[PDB]
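Notes to accompany the following structure.
Any read-out appearing in this document is the output of simple, stated calculations on the displayed coordinates, not a laboratory observation. In this analysis, Cβ positions are derived from the backbone assuming ideal geometry, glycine residues included, and neighbour counts consider all displayed protein chains.
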RNA sequence: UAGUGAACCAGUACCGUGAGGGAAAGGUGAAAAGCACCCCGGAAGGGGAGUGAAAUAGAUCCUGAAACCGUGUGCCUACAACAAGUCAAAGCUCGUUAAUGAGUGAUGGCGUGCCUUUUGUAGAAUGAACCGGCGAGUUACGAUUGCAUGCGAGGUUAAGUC
RNA sequence: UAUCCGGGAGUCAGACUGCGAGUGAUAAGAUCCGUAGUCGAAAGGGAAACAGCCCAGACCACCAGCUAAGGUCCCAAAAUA
RNA sequence: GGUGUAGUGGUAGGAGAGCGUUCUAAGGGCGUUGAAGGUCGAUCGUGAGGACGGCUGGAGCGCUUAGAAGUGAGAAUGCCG
Ligand SMILES: [K+]
Ligand SMILES: [K+]
Ligand SMILES: [K+]
Ligand SMILES: [K+]
Ligand SMILES: [K+]
Ligand SMILES: [K+]
Ligand SMILES: [Mg+2]
Ligand SMILES: [Mg+2]
Ligand SMILES: [Mg+2]
Ligand SMILES: [Mg+2]
Ligand SMILES: [Mg+2]
Ligand SMILES: [Mg+2]
Ligand SMILES: [Mg+2]
Ligand SMILES: [Mg+2]
Ligand SMILES: [Mg+2]
Ligand SMILES: [Mg+2]
Ligand SMILES: [Mg+2]
Ligand SMILES: [Mg+2]
Ligand SMILES: [Mg+2]
Ligand SMILES: [Mg+2]
Ligand SMILES: [Mg+2]
Ligand SMILES: [Mg+2]
Ligand SMILES: [Mg+2]
Ligand SMILES: [Mg+2]
Ligand SMILES: [Mg+2]
Ligand SMILES: [Mg+2]
Ligand SMILES: [Mg+2]
Ligand SMILES: [Mg+2]
Ligand SMILES: [Mg+2]
Ligand SMILES: [Mg+2]
Ligand SMILES: [Mg+2]
Ligand SMILES: [Mg+2]
Ligand SMILES: [Mg+2]
Ligand SMILES: [Mg+2]
Ligand SMILES: [Zn+2]
């Protein structure tokens, strides 16, 4: 391969989902946590079972 | 590695401020009062881009009605006579005729008054 | 695009006359307001005042049907507390028929700079005085309209 | 070459108050302007008068213009720096004061 | 972060009373100083990955060079002393004008030194051969001894 | 003489020597085009269609294909997190009339 | 009380109309020609009604 | 406004009885060659001259945004109510990344800001004086699912050595 | 379009209108259920204005046309039918 | 790549495609005949945004592919100025 022509295979590497970077991303303004609640908090949620 | 964003923000705001020319005072100088008015301006634009057609149709119709009353007939009976006589003349055209060529409009009125 | 817009000032303005010996003021004022707006023409565009002038005659004799002569009340307020004045249309007819016809037409016009100007084109006169013989006005038949 | 400038920078008076005085002389001859600045009881009149004298003197010396026909073409008072200080007010609160400055600038033209 | 930064402790004013926002340290992220929220950390990006994939990578690279004809074998490179101009003349005789990787047996020190300083040239000693080196190079000068060493280690 | 034709789902008053702007026609530039859709013809004379005139036609010559100014459609709803933005340059074609019949 | 709203540049400048100062009474001194306030001693020559002071 | 709290005489100035807390503040020019001399002025500060490639590089020193404060000028504005725009449009003035041009705008139609939180907010519910900067789902170790690659009922090394 | 397997969620404050019942004073823009719709999360047209009513679902452009509810003397398009 | 049919309101939310910033490796190229940045333009793209010119400025910066992130601000009675 040539270093100025590199490519991966399709579907091998995916673009990260950045969160809280505008409304038109979809993951913005709440980060997929929804409206208020214990799940909508830093370190929120509950135990695992 | 660190990212500052000196130019992105400024360019993105100059765009809005260029869109905000002609606006009273703060609404062409400040990004917030402008943006809040650019979005409302676009809303109004999208809406007026529909109401424009309504308005001109209304105008044309009033003109046609006037030009028909000056021949002894009304908009509604005129247009019904036209639909009878299979005369597919737009109202824009018909208003232009009523303004400029009253004789052509009078001929159309004769056609309709015969159709009725 | 293409469709005609009457240049402000270029439309020629005619002078009309309306006798009102027996007509209702509402119907009178309706045809009159149409004229003043200039909707009687194809040149009408709604921002340039394409209308014509109106003279009104024998406004004292304007017909009021039913009890409107004694029960159609014109209210106005001085915007001072308690300053509500009422006047009947009959008294207003006998005394200031100009004001009667004016209130009718003014309510029947638009509440714009344009309509405030168009209300100036009106010229009401009780009786057949007609001081405007210099403008060569034309009689208009309300009965057909 | 038709015009001459003078400027007073870091002046210790208010721009809004100096502008009241400049509004008189803008559009005037230097004679009337100097008379007005002399018979103006205000404070900025003195500094504006010195600036105007300086402009006329520069027109004389550095340019060899004829003083007897000049007109104050431009005159304006830009804002300047602000050495800012603090008044102590009631109950330990400090209120700031902005001791403002002015960049007075006069321009005098041949006609 | 907020913890390793010199300061804090004093809540700079009361929870209440003031018309000032609620603040809990002079060195929280929203201060002119202020500990960074997450930021970078000391971090190891390296990772091993399977031997068969590695060796297939090596084979693939060398086979690509062979298919493109970008190998150049030699019998010698036995310089009496490490002069670089001799090596440059060798490259010129072999008609090389591009980048090149030079594989050498373990000990050909004079030739390694001669090839060292040149900008077009990378040098490597038959065991330190690497995918990055070879792929970066467009051509591969190699001694027959080095090729044999490659074919026995692989 | 003047005429009134039907084009682009609408109608156009027109005269000879004049250029009109209409919807995209599927023909190259500098090429002839013809409208067998005339609604009316007039001038000193006057003749009407029912709906079209009897076998009349109007000849034109393309001059240019182009695109209007970009109109921006920014749909917006307050307090509901959502906006869309579109641009749109609508294509047109310019045609200079050459004959009426 | 408190403003509740910042005034605009326009509204400022519309208050500032009558804040301008006028200067008046200037005439020329019949002796020296330079200008003086009327009913005031000429500060240059000191004369008033043709009498030194 | 980063990086040590501190690139500058910083644990300084400052606050505090004290323990203690705790800032701000970088850049002339290649080289001072840093403005001889003259003029206005009490001086400062300007204006010429002159150095310099450049002085609108002259100590507030590279660039020099915005808010903000002004000066002038093309158009409009003193019978008008208008989340201040939009659409249509007369008149006037200019002439472009030359293309269904730019600016202004009489007049008319429609139209109760942005966010948050709400069943529902134009909201007399909350936040924002404005401008600029800063400022919020990251990483380590593990688990699981999908996608991709290698190998395949065999797939793979950890630590450590070179 | 249903089912099964697996990944990821959010939602557990709902409101009104019409019909069926309760509580209520067969009062409440009341409360609680069912049922359908709309809003929420839906602009547009009418109801003067007016989330929740009537008509109707905005991908865009058009100085094109036919209709819906609602309307046609003027404001304000259409019949002084 | 084309023809036809059907569709394309949207919050929480899920999925997929991208624009832009800083840096790196490689390739290639542009800069005292004036880089970046600043500013004005009536320009192009469906959008994020991208060029080309005019003036300023005075030395570093783009373009292609791939990668790594302190990666995008309008609100936090947010902090500093
Ligand atoms: K989620
Ligand atoms: K308006
Ligand atoms: K996995
Ligand atoms: K596999
Ligand atoms: K629905
Ligand atoms: K920022
Ligand atoms: Mg990644
Ligand atoms: Mg969402
Ligand atoms: Mg937000
Ligand atoms: Mg909740
Ligand atoms: Mg929240
Ligand atoms: Mg929740
Ligand atoms: Mg809105
Ligand atoms: Mg005290
Ligand atoms: Mg601590
Ligand atoms: Mg720090
Ligand atoms: Mg009045
Ligand atoms: Mg006026
Ligand atoms: Mg309003
Ligand atoms: Mg509020
Ligand atoms: Mg507040
Ligand atoms: Mg029902
Ligand atoms: Mg209820
Ligand atoms: Mg129910
Ligand atoms: Mg909700
Ligand atoms: Mg609706
Ligand atoms: Mg709402
Ligand atoms: Mg119809
Ligand atoms: Mg009507
Ligand atoms: Mg959809
Ligand atoms: Mg749809
Ligand atoms: Mg850079
Ligand atoms: Mg960040
Ligand atoms: Mg801010
Ligand atoms: Zn005297």
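For every residue, the table says whether it meets (1) surrounded by 10 or more Cβ atoms within 10 Å (Cβ to Cβ); (2) at the interface with chain D (Cβ under 10 Å from one of its Cβ atoms); (3) on the phi > 0 side of the Ramachandran plot.
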position	(1), (2), (3)
G:3	no, no, no
G:11	yes, no, no
G:14	yes, no, no
G:19	no, yes, no
G:23	yes, yes, no
G:27	yes, no, no
G:31	yes, no, no
G:35	yes, yes, no
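Scan segment C:22-63 for residues that are more than 11 Å from RNA strand I (Cβ to nearest atom), touching a strand residue (DSSP E or B) at 6+ places or on another chain (Cβ under 9 Å) and within 23 Å of residue C:136 (Cβ to Cβ) and jot them down.
Within segment C:22-63, C:52, C:53, C:54, C:55, C:56, C:57, C:58, C:59 meet the criteria.
Which residues, counting only those in segment G:19-37, are out of contact with any helix residue (DSSP H, G or I) (no Cβ under 8 Å at 6 or more places or on another chain) and part of a strand (DSSP E or B)? Before you say what the answer is, go through the steps one by one.
Residues of segment G:19-37 out of contact with any helix residue (DSSP H, G or I) (no Cβ under 8 Å at 6 or more places or on another chain): G:22, G:24-25, G:27-33, G:36-37.
Across segment G:19-37, the qualifying residues are G:27, G:28, G:36, G:37.
Which of the following residues is under 17 Å from residue E:61 (Cα atoms) and free of Cβ contacts under 8 Å to residues at least 40 places away in the same chain: E:133, E:97?
Numbers: E:97 fails: under 17 Å from residue E:61 (Cα atoms).
Selected residue: E:133, the only one of E:133, E:97 that is under 17 Å from residue E:61 (Cα atoms) and free of Cβ contacts under 8 Å to residues at least 40 places away in the same chain.
Which count do you get for residues in segment F:54-88 that are away from every other protein chain (no Cβ under 14 Å) and within 16 Å of the chain's Cα centre (by Cα)?
Step one: list which residues in segment F:54-88 are away from every other protein chain (no Cβ under 14 Å), which gives F:55-67.
Retained after the next criterion (residues that are within 16 Å of the chain's Cα centre (by Cα)): F:57-67.
The qualifying residues number 11.
Quick one: would you say residue A:14 is in a loop (DSSP other than H, G, I, E, B), within 18 Å of the chain's Cα centre (by Cα) and away from ligand 8 (no atom under 16 Å from the Cβ)?
Values: in a loop (DSSP other than H, G, I, E, B): yes; within 18 Å of the chain's Cα centre (by Cα): yes; away from ligand 8 (no atom under 16 Å from the Cβ): yes.
So residue A:14 fits the description; yes.
Any idea which residue in segment A:16-42 is surrounded by the most Cβ atoms within 10 Å (Cβ to Cβ), counting only those that are away from every other protein chain (no Cβ under 14 Å) and more than 6 Å from RNA strand J (Cβ to nearest atom)?
A:40
Assess whether residue C:72 counts as being crowded, with 16+ Cβ neighbours inside 10 Å and free of Cβ contacts under 8 Å to residues at least 60 places away in the same chain. Give the derivation first.
On the way: crowded, with 16+ Cβ neighbours inside 10 Å: yes; free of Cβ contacts under 8 Å to residues at least 60 places away in the same chain: yes.
In short, yes.
With respect to the numbered conditions (1) in contact with a strand residue (DSSP E or B) (Cβ under 9 Å, 6 or more places away or on another chain); (2) closer than 21 Å to residue G:34 by Cβ; (3) free of Cβ contacts under 8 Å to residues at least 24 places away in the same chain, which one is the sole condition not fulfilled by residue D:96?
(2)
How about segment A:17-49: which of its residues are more than 16 Å from ligand 10 (Cβ to nearest atom) and either in contact with a strand residue (DSSP E or B) (Cβ under 6 Å, 6 or more places away or on another chain) or part of a helix (DSSP H, G or I) (or both)?
Scanning segment A:17-49 gives A:23, A:24, A:25.
Tell me the helices (runs of 4 or more DSSP H) entirely within chain D that contain at least 3 residues that are touching a helix residue (DSSP H, G or I) at 6+ places or on another chain (Cβ under 8 Å) and either within 16 Å of ligand 16 (Cβ to nearest atom) or away from chain G (no Cβ under 13 Å) (or both). Outline the logic, then answer.
Details: elements: D:15-25, D:30-38, D:44-61.
Ranges flagged: D:44-61.
When only residues in segment B:10-24 that are near RNA strand H (Cβ under 7 Å from one of its atoms) and part of a helix (DSSP H, G or I) count, which is farthest from the other protein chains (Cβ to nearest Cβ)?
Quick first cut of segment B:10-24, residues near RNA strand H (Cβ under 7 Å from one of its atoms) only: B:10, B:13, B:21-24.
Keeping just the survivors that are part of a helix (DSSP H, G or I) gives B:10, B:13.
Details: B:10: 18, B:13: 15 Å.
My answer is B:10.
Restricting to segment B:78-90, count the residues that are surrounded by fewer than 18 Cβ atoms within 10 Å (Cβ to Cβ) and over 15 Å from residue F:52 (Cα atoms).
Looking only at that region, the number is 1.
For residue B:45, state whether it is buried (at least 19 other Cβ atoms within 10 Å of the Cβ) and facing another protein chain (nearest Cβ under 8 Å).
no
Filter segment E:110-133 down to residues that are in a helix (DSSP H, G or I) and crowded, with 20+ Cβ neighbours inside 10 Å and give me whichever is nearest to the other protein chains (Cβ to nearest Cβ).
First, pick out the residues of segment E:110-133 that are in a helix (DSSP H, G or I): E:110-116, E:131-133.
Then drop every residue that is not crowded, with 20+ Cβ neighbours inside 10 Å, which leaves E:111, E:114-115.
Working: E:111: 26, E:114: 26, E:115: 21 Å.
The extreme case among them is E:115.
Looking at segment C:88-98, is at least one residue farther than 18 Å from residue C:21 by Cβ and part of a loop (DSSP other than H, G, I, E, B)?
Among the residues of segment C:88-98, not one is farther than 18 Å from residue C:21 by Cβ and part of a loop (DSSP other than H, G, I, E, B), which makes the answer no.
As an exercise: evaluate residue E:79 against (1) part of a loop (DSSP other than H, G, I, E, B); (2) under 24 Å from the mean Cα position of the chain (by Cα) and give the number of the one condition it does not meet.
Only one criterion is unmet by residue E:79, namely (2).
Can you spot a residue in segment F:35-51 that is away from chain B (no Cβ under 11 Å), touching a helix residue (DSSP H, G or I) at 6+ places or on another chain (Cβ under 6 Å), in a loop (DSSP other than H, G, I, E, B) and away from ligand 12 (no atom under 16 Å from the Cβ)?
First, the residues of segment F:35-51 that are away from chain B (no Cβ under 11 Å): F:35-36, F:38.
Still in the list and also touching a helix residue (DSSP H, G or I) at 6+ places or on another chain (Cβ under 6 Å): none.
No, segment F:35-51 contains no residue that is away from chain B (no Cβ under 11 Å), touching a helix residue (DSSP H, G or I) at 6+ places or on another chain (Cβ under 6 Å), in a loop (DSSP other than H, G, I, E, B) and away from ligand 12 (no atom under 16 Å from the Cβ).
How many residues does segment C:58-82 contain that are under 19 Å from the mean Cα position of the chain (by Cα) and under 24 Å from residue C:116 (Cβ atoms)?
Within segment C:58-82, residues that are under 19 Å from the mean Cα position of the chain (by Cα) and under 24 Å from residue C:116 (Cβ atoms) number 3.
Applying the selection to segment B:73-96, what residues are touching a residue at least 24 places away in the same chain (Cβ under 8 Å) and either in a loop (DSSP other than H, G, I, E, B) or within 11 Å of chain F (Cβ to nearest Cβ) (or both)?
Correct list: B:73, B:82, B:84, B:85, B:87, B:91, B:92, B:94, B:95.
Within segment C:39-69, can you find the residues that are in a loop (DSSP other than H, G, I, E, B), closer than 19 Å to residue C:104 by Cβ and in contact (Cβ under 8 Å) with a residue 40 or more places away in the chain? Talk me through it step by step, then tell me what you get.
We begin by selecting, within segment C:39-69, every residue in a loop (DSSP other than H, G, I, E, B); these are C:39-52, C:58, C:62, C:64-67.
Checking which are closer than 19 Å to residue C:104 by Cβ leaves us with C:39-40, C:51-52, C:58, C:62, C:64-67.
Within segment C:39-69, C:51, C:52, C:58, C:62, C:64, C:65 meet the criteria.
Please go through (1) more than 9 Å from chain D (Cβ to nearest Cβ); (2) free of Cβ contacts under 8 Å to residues at least 12 places away in the same chain; (3) surrounded by 11 or more Cβ atoms within 10 Å (Cβ to Cβ) for residue G:42 and return the number of the only condition it doesn't satisfy.
Of the numbered conditions (1) more than 9 Å from chain D (Cβ to nearest Cβ); (2) free of Cβ contacts under 8 Å to residues at least 12 places away in the same chain; (3) surrounded by 11 or more Cβ atoms within 10 Å (Cβ to Cβ), the odd one out for residue G:42 is (2).
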